[PDB]
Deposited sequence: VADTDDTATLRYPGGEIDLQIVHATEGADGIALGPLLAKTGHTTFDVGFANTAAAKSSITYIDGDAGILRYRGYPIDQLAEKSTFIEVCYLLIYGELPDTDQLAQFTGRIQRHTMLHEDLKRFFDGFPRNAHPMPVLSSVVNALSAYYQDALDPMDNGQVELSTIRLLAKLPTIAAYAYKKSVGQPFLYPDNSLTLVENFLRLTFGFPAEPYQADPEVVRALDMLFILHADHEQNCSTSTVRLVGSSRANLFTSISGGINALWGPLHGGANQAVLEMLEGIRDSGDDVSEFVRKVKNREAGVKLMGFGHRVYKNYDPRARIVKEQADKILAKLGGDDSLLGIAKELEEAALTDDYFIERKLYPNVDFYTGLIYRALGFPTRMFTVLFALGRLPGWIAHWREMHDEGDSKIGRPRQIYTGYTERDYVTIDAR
């Protein structure tokens, strides 16, 4: 129990216990019973959900998916195994992984019309716009299984999203440059096949560099879930209205499209580019991922920053992931798209969770009204 005393006064609140981390003080019917609200910029101290998907403690600093630490999955799992784990909450036995992997492998081709629909975008349009556009359009082609309540339908569009979203991001890249779209090769991994779709020409056969593959696969594990989140709390809110799966991911994708969140990688490069386009090099808590990322960065290795890094190791992140992506040949305007591809499983897991609850109710936040109280006067 807690007790709260407000000018009207005064109230007792249940405490809800967390299997790890901070516990919650359950607001009741806070107004009334009390005619008062909490005010909390950013929702930074408010929790509206229970989930058992990702635990983090930065101070500690821990990141686990379903209890498993990130260093272990990064080093020992795969992006697909991680998709499975996050979504259904356990690691898969050999049959379960293969059948899940099989199910995704057979849904990677888009409807030819949805392929053609890329034709309407302008001559070399930025991929981030194209991808949000195309994801909303999915409901136009896969009307088939859109019922948020029916599962099996959720299952089929969970599959469709995990399979088709890399295909879409690879096509948006091809569109952003002049290049033909390729098709899925059944003989590749999803991640390896994603890399062909992105980088393959019809002028030659494509061989994925294995070091490249493992680097990308790992990096999607590192970015698979991180919640709660701007992006995912957005998937949660839209789903709140019982929006369908696609429409909720799209909202996650739109939230992701902003520099503070999804394009932080892109901001860093932008920092870098300027310098190379101006006179140079002058003056005026550890993440478990960060450390794994520096490691894979130092191997694979930007033209150039490294000075920057060395330079202020002397005198006084998202930074490393940017360099890597660029190192693998990804142009800066694919970074946020790469982010969504990796986060997709988390977006999905949270939405599914949200659905499986005792019953969710729609999101209805408050405000502190700070305006007027007046009468209409005719326009003269």
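Comparing the deposited sequence with the modelled residues shows gaps at 1-6, 291-313, 331-334, 350-364, 429-431, with numbering starting at 1.
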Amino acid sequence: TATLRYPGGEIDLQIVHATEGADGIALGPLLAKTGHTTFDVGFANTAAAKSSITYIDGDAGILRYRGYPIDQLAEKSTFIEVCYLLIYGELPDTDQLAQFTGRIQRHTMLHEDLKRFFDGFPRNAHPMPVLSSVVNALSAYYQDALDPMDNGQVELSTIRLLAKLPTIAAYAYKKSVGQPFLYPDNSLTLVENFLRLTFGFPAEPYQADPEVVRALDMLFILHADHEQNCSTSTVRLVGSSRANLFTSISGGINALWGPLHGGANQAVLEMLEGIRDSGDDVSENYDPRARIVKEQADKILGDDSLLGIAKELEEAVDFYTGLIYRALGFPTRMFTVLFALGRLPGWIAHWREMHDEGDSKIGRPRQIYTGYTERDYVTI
From here on, numbers count along this sequence of modelled residues.
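Checked against the record, the higher mean CA B factor of 286-294 and 240-248 lies with 286-294. In this entry, 11-19 shows the higher mean Cα temperature factor of the pair 11-19 and 368-376. The PDB entry assigns the greatest CA B-factor among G322, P345, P331, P29 to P29.
Per the PDB entry, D281 shows the highest C-alpha temperature factor of the residues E155, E112, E90, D281. Compared with the other modelled residues of the chain, the Cα B-factor recorded for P129 ranks in the middle third.
The PDB entry assigns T198 a C-alpha temperature factor belonging to the lowest third of its chain's modelled residues.
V82: CA B factor in the lowest third of modelled residues in this chain (values from the PDB entry).
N254 sits in the lowest third of its chain by CA B factor, as recorded in the PDB entry. Looking at the C-alpha B-factors along this chain, the one for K76 belongs to the middle third.
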